[PDB]
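Below is one structure, written out as structure tokens, with a few remarks after it.
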Amino acid sequence: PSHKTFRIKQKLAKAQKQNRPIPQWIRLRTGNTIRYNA
Amino acid sequence: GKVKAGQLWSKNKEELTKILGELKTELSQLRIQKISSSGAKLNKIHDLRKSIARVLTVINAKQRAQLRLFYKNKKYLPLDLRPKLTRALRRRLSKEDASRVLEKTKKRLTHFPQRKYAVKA
Amino acid sequence: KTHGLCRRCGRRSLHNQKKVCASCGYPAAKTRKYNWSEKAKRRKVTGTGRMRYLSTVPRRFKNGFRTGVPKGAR
Amino acid sequence: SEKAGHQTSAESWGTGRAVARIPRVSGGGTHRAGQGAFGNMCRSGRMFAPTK
Amino acid sequence: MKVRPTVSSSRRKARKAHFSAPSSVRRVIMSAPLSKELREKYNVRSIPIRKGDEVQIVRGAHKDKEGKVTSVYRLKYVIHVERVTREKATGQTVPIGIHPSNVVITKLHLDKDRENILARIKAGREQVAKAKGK
Amino acid sequence: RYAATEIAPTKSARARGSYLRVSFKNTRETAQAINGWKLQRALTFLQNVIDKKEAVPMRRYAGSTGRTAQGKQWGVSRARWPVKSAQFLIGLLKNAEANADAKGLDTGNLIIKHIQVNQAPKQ
Amino acid sequence: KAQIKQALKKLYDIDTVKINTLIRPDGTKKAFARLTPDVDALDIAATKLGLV
Amino acid sequence: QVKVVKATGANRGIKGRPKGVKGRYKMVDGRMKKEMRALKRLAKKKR
RNA sequence: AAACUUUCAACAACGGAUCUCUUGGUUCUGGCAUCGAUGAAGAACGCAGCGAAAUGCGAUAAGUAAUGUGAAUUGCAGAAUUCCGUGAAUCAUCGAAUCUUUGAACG
RNA sequence: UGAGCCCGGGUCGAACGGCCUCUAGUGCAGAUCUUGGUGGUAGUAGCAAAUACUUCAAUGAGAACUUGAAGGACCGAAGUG
RNA sequence: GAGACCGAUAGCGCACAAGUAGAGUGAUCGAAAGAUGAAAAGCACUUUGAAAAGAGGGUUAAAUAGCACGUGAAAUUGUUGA
Ligand SMILES: [Zn+2]
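These protein sequence lines are chains A, H, U, E, X, B, R and F, in that order.
Going by full-length UniProt numbering, the first sequence opens with residue 2, and the numbers climb by one from there.
Going by full-length UniProt numbering, the second sequence opens with residue 5, and the numbers climb by one from there.
Going by full-length UniProt numbering, the third sequence opens with residue 14, and the numbers climb by one from there.
Going by full-length UniProt numbering, the fourth sequence opens with residue 54, and the numbers climb by one from there.
Going by full-length UniProt numbering, the fifth sequence opens with residue 1, and the numbers climb by one from there.
Going by full-length UniProt numbering, the sixth sequence opens with residue 3, and the numbers climb by one from there.
Going by full-length UniProt numbering, the seventh sequence opens with residue 105, and the numbers climb by one from there.
Going by full-length UniProt numbering, the eighth sequence opens with residue 788, and the numbers climb by one from there.
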């Protein structure tokens, strides 16, 4: 709801961060196998 | 923008605080002017951060050396300066106590200790 | 709802009425564990997390839990 | 290993259903749910006469 | 034949250690032989490769190409010899990874550390040569 | 790679499309309609299918399909208008025509010697 | 708000009439520092902040 | 009283309760047909 | 005759079997004895120039001190190293430090 | 005789076989068998109610269901606010 | 440190960002998923296409290896030939 707490606001922020896609320069590292975010 | 740990050891407390202050002031001014046109100023800021960590380590190390000299001949020491070991090792009997023996046992070993011998074939 | 977030284990298994975690039993000092669920034991056993301090013990043992500094150091 | 093919929770659905009477994994949110188990004919199942 | 119990002959463990070695270990694995002139001058057979050295490639498509070492890419066990390059599609030149075992060092980058390295290897070689000789 | 490997690529022009999101059955029938035809005749035919002036006969995949008088030209009653399939075939024919221009062939004499529709992994 | 005002005054020599703060959704804090009428924000931003 | 449901159509391969059934039910198959003949044959032979 | 149905062949599809490989598992054997109120095991949130996860670390935050080695890191960009040197390194070792909120958890 | 064995042609790229002994998780058409993949049915059943949509211009490669204007309808303050 | 063991439907559920994704109010349940090439040398440039892509041209021993990437069976399908 509109009423929340800073701590749960921070957790909601982290969930957004983990949804971010994969940077392109990761895919060019030697020995890399990561293609798409899971 | 990188300080050497070797130079910091010779310098004393008052000089170290001046270096720590000027490193932090430099980092504070750099960071605000870094928000625009990032570049070669980025690694200078990174080198500044490692310099701050280096000076903090030397300041703490010298202070603990002074305290250990102060507590050299005192019965109780701060838990920070006490040896860590493990919880079980800390509770273990001291070497002097675990080696203590009864007086009657000592008398028997004094006059009847294990000898060296051989048996012919 | 019937279950809320548990502070000790992080799961949404804290009963709102009984105020007891269905997974770890937070108000109780001991962590809930049962021998009829080997899968449950291995989910929360030592080694499933960070191992902040106990990872550093073996190196200190290998050197005898020594104290001091190397001779001639600066 | 003595626990190979055994560390799963499976139960036969019954006789009146038009499916083979083999223990099937419960659940419902995975590819594994509803799959046969505990049998030497079953993928990821216990082998016959496990080597001792 | 291996004798000491601490030595292992497992293929699985040898390949794991080789491909997961740290940078310091990889430096030893990335060694190259010394030239014949350098062998009779220093009484040393091999030495780990480094950036300043001059090498002559003796194996691969680059038959007898000489040049100075440019990079020691320890992450993929390759070295970059100067002017030993291939053009991409765009025409930009990229270096060709040469293994140190495929080259021979002709000129050695000299510094106090490497004179110490050569002296220690020579000391062992002459010690056993006289031990075996007499 | 292509299936008709008996044609020298120097004397021909080719086009290809993969994982195309059109009905396989509809595309197969309309490809069979223009098989062996001239390029310009096929292009006019495929346009006419879009405007419902000519119809594509449904030979194999024609289960419960309506009847029209436009199928009388082919000798069948079941004919249809695969608009989507025609549009995709137009693009490939135009692309193959463009590749023929680059090589230098005569577009007025080209015929569709080989046309094939295969199945893609399903969605 | 008290800490931000003191930090601005002691370090960058900025006097503020009031400071309004909010916590952004990502978890960072934003401070709106309104300056005294005597000083100019544009002049301070150009010199001490490198901002145009 | 017991509703016998044949495991065909939408009832083929269902883990639990068929949709349009109220109380105590029972599922049947062809495989059970051969069984019920077997137990009946054994009981009749023994009776 | 064509079309359709079927059989075979060539090529092309669908699909991932077979062969080959393996920083994995499984079993046996040997040396050794080391968690925690000096705050453990577990949970959470932060930290990289460009990172989501895994990994590492804790506002000194992909790390500090010391020791050894001896010239890198590398996906890109930017700094280095004067190399006749207290000295690169996502290096190894490791005796000194820093170590946010909780959690036996303790105003 | 048979289970099978051998060769030729094509594809492929890194290990394999004959002899004789030893050993076994050693030979499938079925088990409403397990997992995976794929068919006919089939371009078939079907894509519901909320009366209702229409004209020009713009965007755009592409406009019944995107926008502007105009028209025709509607919720009708216990609303489709 | 080893094996007359298993070799990606096998071997531990997990050879991979696996007790992960996901399911359940919860206790708990619980997968799938390895392989381009010696080296990315991962296709410059030209042309058609709105684009996705296609065709030339090129790298390579090989593209009958183009990241839907070693080899590529059968079921099932297209074209051609009878
Ligand atoms: Zn709990």
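We treat Cβ as the ideally placed atom computed from N, Cα and C, and that holds for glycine.
Residues of chain E with CB closer than 9 Å to the CB of residue i, please, in chain order.
i, result
"F:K833", "In chain order: nothing, as chain E lies at least about 23 Å away."
Which residues in chain R sit within 9 Å of residue i, going by Cβ to Cβ distance?
i, result
"H:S32", "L115, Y116"
So which residues of chain U does residue i contact, with C-beta pairs closer than 7 Å?
i, result
"H:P87", "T80"
Can you check DSSP and say which residues form a bridge with residue i?
i, result
"F:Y812", "F:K790"
"U:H28", "U:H16"
"R:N124", "R:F136"
"A:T6", "For A:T6, which the question treats as bridged, DSSP gives no partner whatsoever."
"E:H59", "BP columns for E:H59 are empty, so no partner."
"B:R82", "B:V58"
"U:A53", "According to DSSP, U:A53 bridges with nothing at all."
"X:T93", "X:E87"
"X:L34", "X:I105"
"U:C34", "U:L27"
"residue 161 of chain H", "Lying before the first or after the last residue shown, residue 161 of chain H is absent from chain H, which here runs from 5 to 125."
"E:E64", "E:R77"
"B:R69", "B:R80"
"X:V69", "X:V81"
"F:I801", "DSSP, once it has assigned bridges, lists no residue as partnering F:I801."
Show which residues of chain F have a CB atom less than 7 Å away from the CB atom of residue i.
i, result
"E:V78", "In chain order: nothing, as chain F lies at least about 11 Å away."
"E:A90", "Result: empty, since nearest Cβ-Cβ is about 15 Å, beyond 7 Å."
Which residues of chain U have a Cβ atom closer than 9 Å to the Cβ of residue i, listed in chain order?
i, result
"H:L93", "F78"
Using a Cβ cut-off of 7 Å, pull out every chain R residue sitting near residue i, in sequence order please.
i, result
"H:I36", "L153"
Who are the neighbours of residue i on chain H, taking C-beta pairs under 9 Å?
i, result
"U:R87", "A9, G10, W13"
What residues from chain F crowd round residue i, counting only those whose CB sits closer than 9 Å?
i, result
"E:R70", "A794, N798, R799, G800, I801, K802, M814, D816"
So residue i and residue j are supposed to be a Cβ contact under 8 Å. How far apart are they, rounded?
i, j, result
"X:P95", "X:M30", "15 Å between Cβ atoms; not a contact."
"B:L95", "B:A44", "6 Å"
"E:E64", "E:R74", "That belief does not hold up - the Cβ atoms of E:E64 and E:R74 are roughly 11 Å apart, past 8 Å."
"R:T125", "R:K109", "Actually they are not in contact, since the Cβ atoms of R:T125 and R:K109 sit about 11 Å apart, beyond 8 Å."
"H:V62", "H:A9", "7 Å"
"F:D816", "F:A794", "5 Å"
"X:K51", "X:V72", "6 Å"
Which residues in chain A have a C-beta closer than 9 Å to the C-beta of residue i? List them in chain order.
i, result
"R:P129", "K10, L13, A14, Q17"
Just the chain F side, please: which residues come within less than 8 Å of residue i by C-beta, in chain order?
i, result
"E:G67", "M814"
Residues of chain E with CB under 8 Å from residue i, in chain order?
i, result
"F:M819", "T68, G69"
Does ligand 3 have a heavy atom nearer than 6 Å to the CB of residue i?
i, result
"E:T83", "Annotation note on ligand 3: not contained in the displayed structure, which lists ligand 1 as its ligands."
Under 8 Å between beta-carbons, which chain R residues line up against residue i? List them in chain order, please.
i, result
"residue 126 of chain H", "An answer regarding residue 126 of chain H cannot be provided, because it is not within the stretch 5 to 125 covered by chain H."
Next on the checklist: Measuring CB atoms only, is the region 99 to 119 of chain X touching the region 54 to 65 of chain X, in the sense that at least three cross pairs come out at less than 8 Å?
Outcome noted: With a cut-off of 8 Å, the region 54 to 65 of chain X and the region 99 to 119 of chain X count as touching, because enough Cβ pairs lie within range.
Checklist entry - For ligand 1, which residues count as neighbours when the test is a C-beta closer than 6 Å to any heavy atom? => result Residues with a Cβ closer than 6 Å to any heavy atom of ligand 1, in chain order: U:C19, U:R21, U:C22, U:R24, U:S26, U:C34, U:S36, U:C37, U:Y39.
Next on the checklist: Whether or not the region 84 to 93 of chain E and the region 59 to 76 of chain E are in contact is what I'm after, with contact meaning three or more pairs of Cβ atoms, one per stretch, closer than 8 Å; do they touch?
Outcome noted: Yes: at least three Cβ pairs fall under 8 Å.
Item to check | the region 22 to 36 of chain U touching the region 68 to 76 of chain U, judged by at least three CB pairs closer than 8 Å | outcome: When C-beta atoms of the region 22 to 36 of chain U are compared with those of the region 68 to 76 of chain U, fewer than three pairs fall below 8 Å, so the two segments do not count as touching.
Item to check | Segment contact flag, the region 46 to 53 of chain U with the region 66 to 73 of chain H, C-beta cutoff 8 Å, min 3 pairs | outcome: The region 46 to 53 of chain U vs the region 66 to 73 of chain H: no contact.
Next on the checklist: Check whether the region 15 to 25 of chain B and the region 86 to 106 of chain B touch, using three or more Cβ-Cβ pairs below 8 Å as the test.
Outcome noted: Under the 8 Å Cβ criterion, the region 15 to 25 of chain B counts as touching the region 86 to 106 of chain B, having at least three qualifying pairs.
Next on the checklist: Any contact between the region 69 to 78 of chain B and the region 48 to 58 of chain B? By contact I mean 3 or more CB pairs, one from each, below 8 Å.
Outcome noted: Cβ pair count under 8 Å is three or more, so yes.
Checklist entry - Can at least three beta-carbon pairs, one atom from the region 78 to 85 of chain X and one from the region 18 to 29 of chain X, be found at a separation below 8 Å? => result Taking a contact to require three or more Cβ pairs closer than 8 Å, the region 78 to 85 of chain X and the region 18 to 29 of chain X do not qualify as touching.
Next on the checklist: With three or more C-beta pairs closer than 8 Å as the rule, is the region 27 to 34 of chain B touching the region 81 to 89 of chain B?
Outcome noted: In short, these stretches touch, since the Cβ pair count reaches three.
Next on the checklist: Quick test of the definition: if touching needs 3 or more C-beta pairs under 8 Å, does the region 18 to 31 of chain H touch the region 50 to 59 of chain H?
Outcome noted: The region 18 to 31 of chain H vs the region 50 to 59 of chain H: in contact.
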